[PDB]
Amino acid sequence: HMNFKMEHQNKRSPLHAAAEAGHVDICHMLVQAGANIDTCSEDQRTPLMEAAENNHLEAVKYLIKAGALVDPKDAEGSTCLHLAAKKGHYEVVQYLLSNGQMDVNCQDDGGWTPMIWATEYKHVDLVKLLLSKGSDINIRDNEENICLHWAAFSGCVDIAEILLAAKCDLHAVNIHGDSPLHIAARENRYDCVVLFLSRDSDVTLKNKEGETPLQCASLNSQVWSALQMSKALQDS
């Protein structure tokens, strides 16, 4: 078949289905026969986003070593980088970084960077990787949260340990004036609230409601216990 020349096509193409399948040859045949390697689907997605998100490394490379644009954004501002990382695909994220020469700090619509995405889905090795390749731990999403806050909200200590070992501010506070410890308490993330207290997080720090992390924990929670034990140990 023939390919219409289009300015801004907004319809899924066969190239999309082929990229998503990870079928390199069919991709090539299509590219070769004139298919636009960067066509957008109804929901504004490129064949590269499709290959990336489905962990199809060889298809990713083909598309890239073919001129595929690496910076277009999703309907919600996500790049193939956000998508692959959000799915925890190490290799694809690796390539998208080196040969891909893509930005580790691009933020989607809600302000989230790839590291924040990899943190939401507790992909430890991925945050390691993203760090070792330039992630700005100080990036603030659209509500003032930095990566530590979500690491706290989620509960993944391994990622939070790592974000700290990276000189991340233990007292950074979001729009509500919540610190990592404030969140780790509200969400009852024990191991987390412990790592934090072990790093001298201010237990007396109030937020914009005047609550201290101890006042945010639920009563008689593993966390509440550990946070008061702590207050008492200080007061004395």
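Residue indices: 1-based, along the sequence shown.
78-86 and 136-144 differ in mean CA B-factor, and the higher of the two is recorded for 136-144. According to the PDB record, 171-179 carries the higher mean C-alpha B-factor of the two stretches 171-179 and 22-30. Going by the entry's values, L205 shows the largest Cα B-factor out of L205, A68, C40, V60. Ranked by C-alpha B-factor against the other modelled residues of its chain, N220 falls in the middle third. The deposited CA B-factor of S201 belongs to the highest third of values across its chain. Placement of the Cα temperature factor of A118 within the chain: lowest third of the modelled residues, per the deposited record.
In the deposited entry, the Cα temperature factor of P72 sits in the middle third of values across the chain's modelled residues. Split the chain's modelled residues into thirds by C-alpha temperature factor. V157 is in the highest one.
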